[PDB]
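Report on one structure; see the data block that follows.
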Amino acid sequence: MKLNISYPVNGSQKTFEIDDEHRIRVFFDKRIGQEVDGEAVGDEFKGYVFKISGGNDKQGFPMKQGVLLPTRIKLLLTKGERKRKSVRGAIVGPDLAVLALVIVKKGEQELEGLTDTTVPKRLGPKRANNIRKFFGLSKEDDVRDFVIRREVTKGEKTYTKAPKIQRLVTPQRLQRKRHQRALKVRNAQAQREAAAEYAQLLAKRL
Amino acid sequence: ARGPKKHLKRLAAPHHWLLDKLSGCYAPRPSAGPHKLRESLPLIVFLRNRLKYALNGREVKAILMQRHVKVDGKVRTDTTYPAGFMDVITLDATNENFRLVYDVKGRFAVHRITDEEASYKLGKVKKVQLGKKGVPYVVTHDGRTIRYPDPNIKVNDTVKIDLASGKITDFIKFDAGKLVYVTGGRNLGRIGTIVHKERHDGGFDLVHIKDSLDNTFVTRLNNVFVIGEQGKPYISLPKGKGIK
Amino acid sequence: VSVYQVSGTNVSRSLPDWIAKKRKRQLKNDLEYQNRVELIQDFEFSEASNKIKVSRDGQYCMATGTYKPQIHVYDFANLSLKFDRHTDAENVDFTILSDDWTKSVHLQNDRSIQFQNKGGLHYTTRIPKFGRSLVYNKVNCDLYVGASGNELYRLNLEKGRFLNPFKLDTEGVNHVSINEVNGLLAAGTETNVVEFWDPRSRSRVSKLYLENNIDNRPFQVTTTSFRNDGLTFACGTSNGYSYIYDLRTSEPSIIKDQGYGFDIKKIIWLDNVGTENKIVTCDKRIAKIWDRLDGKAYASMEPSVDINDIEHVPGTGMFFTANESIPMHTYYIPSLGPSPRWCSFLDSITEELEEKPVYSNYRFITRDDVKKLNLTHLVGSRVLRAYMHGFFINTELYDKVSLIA
Amino acid sequence: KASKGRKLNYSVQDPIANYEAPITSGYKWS
Amino acid sequence: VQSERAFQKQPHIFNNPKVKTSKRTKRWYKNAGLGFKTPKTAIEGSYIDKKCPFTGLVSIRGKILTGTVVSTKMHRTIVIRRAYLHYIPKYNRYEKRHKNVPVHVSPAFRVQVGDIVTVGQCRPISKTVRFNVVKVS
Amino acid sequence: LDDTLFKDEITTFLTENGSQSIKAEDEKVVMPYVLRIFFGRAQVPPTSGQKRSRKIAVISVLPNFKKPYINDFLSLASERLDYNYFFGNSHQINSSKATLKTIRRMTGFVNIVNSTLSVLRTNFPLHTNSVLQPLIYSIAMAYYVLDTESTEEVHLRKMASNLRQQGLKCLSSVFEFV
Amino acid sequence: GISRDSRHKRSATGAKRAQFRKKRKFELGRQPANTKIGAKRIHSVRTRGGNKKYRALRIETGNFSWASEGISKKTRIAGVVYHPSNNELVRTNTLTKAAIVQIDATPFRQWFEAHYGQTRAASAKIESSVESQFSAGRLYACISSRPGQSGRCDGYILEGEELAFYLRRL
RNA sequence: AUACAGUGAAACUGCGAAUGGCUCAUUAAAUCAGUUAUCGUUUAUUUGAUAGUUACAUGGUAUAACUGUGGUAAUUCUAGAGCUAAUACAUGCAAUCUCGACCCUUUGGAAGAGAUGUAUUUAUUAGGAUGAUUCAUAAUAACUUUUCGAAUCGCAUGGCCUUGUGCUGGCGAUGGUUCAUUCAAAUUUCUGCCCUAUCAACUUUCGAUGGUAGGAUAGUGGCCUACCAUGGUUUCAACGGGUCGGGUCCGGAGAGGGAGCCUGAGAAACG
Ligand SMILES: [Mg+2]
Ligand SMILES: [Mg+2]
Ligand SMILES: [Mg+2]
C-alpha cells in the first residue's frame, strides 16, 4: 500500500509506495492513534516513530476513528441533520489502498523529501496579541513596527503588503468608549431632570 | 396563508388613494408604522399621485434618500412609510409643510400650512398608565409613548405635541361644547361640536355632534378626535370647514 | 475477576454527565478523548433510558427514552443507530414479538398498549387499568398485561380479541413471567405472595407465600423469572432479597441479600453462557453475578448511575444497562465467555479498557438501622467498616444480630 | 364508565386481527 | 365544602395560622359591574368556586343575554332556553324558534326550573359553557 | 471551586445530616480546607443577581458548621487586620497603619461580619479576639481617619465614612443578637 | 403527535365531525414530563416565539416557603407522599403541582433556633403538628410551581386547615 | 499611506426563502358572510419611550477560503498535513438621591443620619386605570445548569489646557432589556332561504354532558389524564339521505406513498 507520510514540524509530506508485505504486516492490526516503530517498516525509517492518522481503501472510502472493525459500515456521520454514509473501519487491514502517517519523532537517518525540506507558514499573525506572542514583545513595544510584510513584485513595480491589525488600541476606540460612557451619564442626568420637573409640577398642583 | 401578507392588489387598496387602474397589477403596501394600514397614506402615493413631484417610484425613492422629506420633524427614507392623520410632512427645498386631514369627501387632503403651526401636532391620548419604576405615561394615537404627562390628562383627551422635543405643550379635555373631528364611520371628515355622550357600559359609546349648520349626527366614540374649542380650532382646517 | 466498562460515563458519581458535555469542548485537546472508543454510535438518550432488550436473532437492539419519549433501534451489524421514533407517553415495558426488530408491543404509562410495526405505529389500544408489566405467550399468541387491580388482563393477538381476564386474589401485579418449558405464568402480587396460573386452562395451580425471617418488614414481589430448565424459579422482593425456588418444594433453596435495601429490578439467568450455574440479580445501584448452587459472589457491576434495566446478550459475556444517565453503559466480563461476533476485536483492546473492579461482598446498613439493631457500641470496631452514610457488616453477622434483635 | 376503555370490551379489533399466528408445535414438554 | 381529594381554597389568599385574629377565614370577592349587585351570600358564604363570577378568576365581558331556566341537573351548571320568532318569507309568516344555551351558575345563586335568568359572557369554561349566570329573577 | 456546581455541591456536601456530609472523624482534617475554599468565594464583588446569590450562599452554609469551626472562619477574616498593637498600648492608632489599604481590608472584614450575623443571628459565636476587638479597632480607625485627614482626600474620607456606617451598624446588630 | 384540536371531538348535538384539515403547528402539544426525584436533569424546549421552556425531568432540590414566618429556604425533597389527581403518581415518586412531598427540616429548624433562640415564648409558639413534624425530621409541603413548565419545584410548607385536611387524607 | 486605507473574485458571518403563482377532488353552519371578545393569548419588522450599580481592550478553548500530499470508476465524494480573521464562537471591568441640625445665610450653603439594577420561579405585603380584577406598579425572602446591563464599525479632528499625543469630543451605522404601537396569527360571542319523517331517535360502544386536581398549550378549554355526578340534543325536526364559497376581487383546501423528526417570529414547510 502507499504510505502518505507527513512531518508537521517542517510541514512536509510525501508518499512512499510499498510492495513488500512485511512492513505492511507490522502495520496490520493497529488502530488510529497508536504508534509504530519505523525500523520494522524499513531501515531508512530506523529510529523514527509513526502515528497512524487515517487512510483510504481500494474503493475510496475513508477511515474513521472509534469504530472497531476491519470492514466497511454505513454510519450516521455528521458534517444538525446527519447523512448515513459508508466508512471503512478504524483497524488497519490488507484492504487499504493508502495509509496516512504523522512523524512523531525523528530517527537516525534523514528522509530526502520530509526532514530535509521545509514549507513556510502561508500566513502570519493578524490579531495584535498574536503578534505579541509571536515576537514576545513587551507591553511598551508597539506591534506596529513588527508586522509581517510580504513583498510583491509585478514587472518593475514592487510593494510590500501587510495585514490590518485587529483589536489594536487606537485613539478612535478610546474616543468611542468615552462617548458611550458620556452618553450613559447624559441620559441619567436627563431622566433625573425630568423626574424633578414632574415632582415640581405635582407640587404646584397640590 | 400561513404567514403575513406582503403584497397588496390594486383593487383591494383603500379607495381614497385613487390609484389608476391601468397603471398595473399591484399597489404600494404601507409598511408597519404609526398608523394602521387602511388609515394610512404611504409617502410614495403622497409624493407621486397627489403632489405629482415624481413621475414614478424610482424618482420618489431618489427624493426620499436625498433627505428632502421630514415626517414629524424626522427624516425618513422608506417609500411605503405610512403617514396618517395629523402627520406633518415638511419639504424644505420647496418650502412646503403639509398636514394630513380628511376632507368632507373622506379622502386625505393636500393641506399646506405655515411653519409656526408646522412646529407641532395633535394626538388623541388613547391610553394612560403607569410604566416601569412608577413613571406615568400616555399612549397617543400615533404610537408615541409620552412619559411624565400632566395628571389631569385622561383617556380620549387631546395633547398638543411639540415636534422638536416630543413633549406635551397643552391639552384639551373631552367635554360637551368642544370642537371635534370625525376619523371613522360614514361621517368621516366632518367637523362639529359635542352635545351629548351616550354612555353604554361595556359597549361602544356614542357621541352626538352638531355642525355649524345645526344638523346633528351620532358617531362612535372611537372615531371622535377633539381638535379644539368651538370657534377656536388649534389647527388650520381645510377649505370648507368640514361641512356636509 | 475482571470487569471492563466498554461504554459508559467515567466521571464521579457526584459529577453529573451534562457538565462533562460542557467540559467536552474544553478537553478536546486531551489525548484520552481521541483514544476513548465508543462501541455503538449515539448509544445514548437525551436524559435517561428506561428499558433495554436484545432481539432474538442477535443483530438488533431496542431501547426506550425519557424525553422526548422515543424508541431507538440499534443495528449491531453497522454499530449505528438505525432509526429513532417518538411516542405519545413514556414507556413502562415492552417486548419484541418478532425475531427481528420489526414487530413489537409497548405498554406505555398512560394505560395504552401501542403496537409498533416496522413501518410505524400500527394500532393503539387501552387496558381498563394502569399497567405494570407485559409478557407474550408464543404458544397461544395471548399477551398478558399486569394491572393495578386484581384482574390480570388477557389480549389475544391471533383473534384480535380481549378474552376473559384472569382474576387474582390480591390487588396489584408488579411483574409477570412465562415459563418457556411449561407455560406456567407467575404473577408477582403486591403482597408477599406469587400466584401461579395455568395458561391452557384458566386456574390457580398454587400460590407461594414468601417468608423472610431476617426482616419483619412487609415486602413486595417486584420481579420473577423462570429458568430454561423448566423447574427453577426466581423471585425479587422490595427488601432487596432474591430467592431461588425449585417449583416442586415450597422452601426457598437459597436466599441472597443484596444488602442495600433496594427493590430488585430484574433477574437474568446466565445458563446460555456456559457453566450454567450463575444468575444476575440487578438492583437500583448494583448488578451482582453469583452462582445458583453455592450463593458465592462471582462478579459485580457497580455503575456510577442508577440502573433501570440490565440485559445480557445471549451466548456472550456482554451486558447492557439502561441508566438514569445520558449514555447507556456496556460492560464486558471476559471470564464468562467470548466477545460477541460483531465485537470481534473487543478482546484486542482489553488492556486499553477501563477495567473497573468490597461493596458487593458485604451488606450495607444505614445509621438508623444500626440503632435499631443496638450495634452502636461497635461503631469504630473492625466489624463495622463505615462507608458513605452507613456501615458494612458481614452478611452472616447481620443475620445473627437481626434475629437476636 | 365504558368511556376511556375502563370497561373491558370484547369485540374483534380489525387492525390487530391476525397480528401473529400461533405456533402449531405447542409446549416443548408433552 | 372540602368534599374532594384536594383542598379547595381561593388561590393566593392567605390566612395566617400564627396570628389567629379572627375566626372568619379571609374571603376575597369582587363587584362584577354593569350595575349588577353582588349577592350577600357570596360575600359571606363559605363555598370555593374558581368559576364563580363574584369570587372566582373569571371576568364578565361581551354580550349580556336573558333566558328561562329549563334544566338544573348538572353540577353548578344549568341549561337555559332562549326563544324568538323566525320570519319565513315564502309564507310571509313567523314561526317560534328556540335554542338551548348551557351556562355556569355559582352556588351563591339558587335557581329553579322555569325562572328567568340574565347571564353574561365569559371565557370558555368548558366544551359548551361560555356564559355565567349573573342575575336571577 | 467550580462555579456551575457550587450551589448543588454546598447543599449536598455540607448540609447537616446530609448523606454525603463529612464524617465526624474526618471533620478535623477537612474543615480547614473548606473554610479556606469558602473564604475566597466570599471576596467576589456582588455586582449581579447570580453573584449576589453566590455571596449569600457562602454565608448561608455557615450554620451547618460546628461552633469551633465557625469561630475559626471569623479568625481567618481578622488575620489580615492588625489590631494587637492598639489594645496593647493605650488604645492609640499608628499613623503608618492609617491608609486606604487598611480601610479597604477593614470594610471587607466588617462586611463579612454583618452578613454572618444576619444568618446566625442569636446563634452567632462571639469571641473577644476573633471578632469583637477587630470590630472595635475598625470603628477606632474610622474616627481617627475622619478627624486627621484633610478635605482633599475625598475618596479616602468616603471609604472612612462607609467603614463607620457599617461598623456602628455592626455593633447595633451584635448586641441585638447576642 | 399530540394535538389540542377541537375538531376530532363530537359536537354538542352528538354529530361526528369530519376531518377538515391536516394537523397544524399552532395546535401543538408535547409529551408530558414525568418529573422524578433524582440528580437534576432538565431539557429545554423551544416554544412558540422566542420564549423558552424548561422541563424538569428530574430534580431533588427546591425552594420552599414558610408563610407564617415569611421565610424561604432551599431544601431537599425526600419523596412524594400524596398527590390529589392520582396515586400511581404517589407510588413512582412523580413530582407535579399540588403534590404533597416530604422535605428535609434542617434549614428551617436552624432558622427558627437562630431567630428566636429556642428549640419571647409567645412569639416562638408554633402549631403542635408542625413541631411534631420537626421532631420527626421531615416536613409536609405542597409544590406550587409547575415542574413541567418553569423547570423549578418551589412550594410551601403546609399549615393550618391545609395540614389538618391532608394529614386526615394520609 | 510602514498597521490597513482605492476596487475586489473566494469564504465566514447577517437578512430572506411561510410572499407570489397554479388546480378545484372534497365537504351543506364544516368552512363561510355579517357581528363580538381576548380581564384568555404569541408577534420577525416599523415607530416611540427605555438599562450610572488585562480594560490605552482576553482566548483559540479556531476554523473557512487558501498552500501542499493522496485514494477512488466516481458525483455539489473524500482522508492526512500546514495557516489566518469577526458584530462568528467563548470570557470579561473615587457616583447619585432623600431627611436634613448649624436655622449659620432666611433662593442658599451645610454637621450627621440614611437609601440605592434588570430577567426566571415561587411565597408574602401594598394597590393610578377600566363597568369590573389576584390589573398597572411597588416591596420583602429566597431560587435559577438563567439571563441582559456595547472587548463592534464609517466619516470628521473640534475645545481645552495642567505639551503629554494629557484631558475633554461631533454626525451616523450595527446592536440590546422591558412596555406601548404596527404588520399579523389563534381561538371566540350572536344572527344567517334547498328538499326532506317513504330519516325518529342520537350521544353515551375506547368523553358523551358537568365538577374538581394535574399534564400540554402561546394561552382559555375534556384538549388529554385521575376521581367523582349522570347527564346533553330532538317531532319548534336532533340524527340520517339527495342535490368549492362569497362578492376579476376576497376567502377555503391541495402538490412519490404512509410513519417519524429538524429550524424559524411565522411551516406539521414545494427545504
Ligand atoms: Mg428568516
Ligand atoms: Mg426600537
Ligand atoms: Mg385545568
Per-residue HN-Hα couplings for the stretch C:271-277, Karplus 6.51 cos²θ - 1.76 cosθ + 1.60 at θ = phi - 60°, whole Hz, x for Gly and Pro? 7, 5, 4, x, 6, 4, 7
In what order do C:123, A:7, E:94 fall by count of nearby beta-carbon atoms within 10 Å, going from fewest to most? E:94, C:123, A:7
Taking 25 Å as the cut-off for C-alpha to C-alpha distance, list the pairs among C:53/C:159; A:2/A:64; B:132/E:63; E:20/F:55; C:284/G:74 that go past it. C:53/C:159; B:132/E:63; E:20/F:55; C:284/G:74
Would you mind computing, in nm to one decimal, how far apart the modelled labels at residue E:76 and residue B:135 are, each placed 7 Å from Cα along Cα→Cβ? 4.4 nm
Name the residues whose placed amide hydrogens come within less than 5 Å of the amide hydrogen of residue G:35, ignoring near sequence neighbours (fewer than 5 apart) on the same chain. G:95
Considering the zone a paramagnetic label at residue C:102 would reach in this model (a point 7 Å from Cα along the Cα-to-Cβ line), which residues of the stretch C:114-128 have amide N under 11 Å from it? C:118-119
Report ³J(HN,Hα) in whole Hz for each residue of the stretch F:157-166, in order, from the Karplus equation J = 6.51 cos²θ - 1.76 cosθ + 1.60 where θ = phi - 60°; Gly and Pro get x. 5, 5, 4, 6, 4, 4, 4, 4, 4, 5
The ³J(HN,Hα) series, computed from each phi in the stretch B:63-71 with the Karplus coefficients 6.51, -1.76 and 1.60 at θ = phi - 60°, rounded to the nearest Hz and given as x for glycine or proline, is 4, 4, 6, 5, 6, 8, 10, 9, 9
Assuming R0 = 56 Å, what is the FRET efficiency of residue E:3 and residue C:13, from their Cβ-Cβ distance, to the nearest 0.05? 0.75
Enumerate the amide H contacts of residue B:76 below 5 Å, restricted to partners 5 or more residues apart or on another chain; note that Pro and chain-start residues carry no placed amide H. B:69, B:71
Gain in length, residue F:122 to residue F:21, computed as 0.36 nm per residue apart minus the alpha-carbon separation, to one decimal in nm? 33.9 nm
Applying the gyration tensor rule to the Cα atoms of the protein assembly as shown (axes a ≥ b ≥ c; rounded if a/c under 1.5, else prolate if a/b exceeds b/c, else oblate), the class is rounded
If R0 is 60 Å, what FRET efficiency do you get for residue C:351 and residue G:86 from their C-beta distance, rounded to 0.05? 0.70
Answer in debye to the nearest 20: the dipole magnitude of the protein assembly as shown about its Cα centre, from +1 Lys/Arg and -1 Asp/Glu charges placed on Cβ, is 9040 debye
Neighbourhood net charge (15 Å Cβ-Cβ; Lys/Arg +1, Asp/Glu -1) for residue G:155: +3
For a footprinting-style exposure proxy, rank E:119, F:174 by other Cβ within 10 Å, fewest first. F:174, E:119
Note the full-extension length gain between residue E:123 and residue E:84 as 0.36 nm times their separation in residues minus their Cα-Cα distance, in nm to one decimal. 11.5 nm
Estimated [θ] at 222 nm from DSSP helical runs (n ≥ 4, -39500 (n - 2.57)) normalised by residues in the protein assembly as shown, nearest 500: -5500 deg cm²/dmol
The stretch G:57-82 versus the stretch F:147-169: alpha-carbon centroid distance in Å: 44 Å
So which trypsin sites (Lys or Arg not before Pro) in the stretch C:220-268 are both in a DSSP loop and have at most 14 other Cβ atoms within 10 Å of their Cβ? C:248
Taking beta carbons within 10 Å but only from partner chains, what does the mean come to for residues C:153-160? 5
By how many nm would the segment from residue C:42 to residue C:169 grow when fully extended, if each residue of separation counts as 0.36 nm and the alpha-carbon distance is taken off? 41.2 nm
Which parts of the stretch F:7-24 would a label at residue C:388 reach, counting a residue when its backbone N lies under 11 Å from a point 7 Å out along Cα-to-Cβ? F:19-20
What are the residues whose amide H is under 5 Å from the amide H of residue E:135, where those residues sit 5 or more places off or on another chain and H is modelled from the backbone? E:118
Which of B:148, B:102, B:120 moves most in a GNM of chain B, Cα contacts under 10 Å? B:148
With the 8 Å Cα cutoff and a minimum separation of six or more residues, the stretch A:121-206 has a relative contact order in percent of 22 percent
Residue A:183 paired with residue C:118, simple spin-label distance in nm, labels 7 Å along Cα-to-beta-carbon: 6.5 nm
Please name whichever of G:106, G:155, G:89 sits farthest to the positive end of the charge dipole of chain G, dipole taken about the Cα centre and charges placed at Cβ: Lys and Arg +1, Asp and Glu -1. G:89
How would you rank E:25, G:94, B:158, going from fewest to most other Cβ atoms within 10 Å of each one's own Cβ? E:25, G:94, B:158
Relative contact order computed over the stretch B:121-171 (Cα-Cα under 8 Å; 6+ residues apart), in percent: 36 percent
Using Cα pairs closer than 8 Å and at least 6 residues apart in sequence, work out the relative contact order for chain B, in percent. 12 percent
How far apart, in nm, are the 7 Å Cα→Cβ label points at residue C:126 and residue G:40? 3.7 nm
Nearest-0.05 FRET efficiency for residue A:77 and residue F:155, computed from C-beta distance (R0 56 Å): 0.35
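Values quoted throughout were computed directly from the atomic coordinates according to the rules given, and no laboratory measurement underlies them. So basically every Cβ, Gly included, is an ideal-geometry build from the backbone, and we count neighbours across all protein chains shown.
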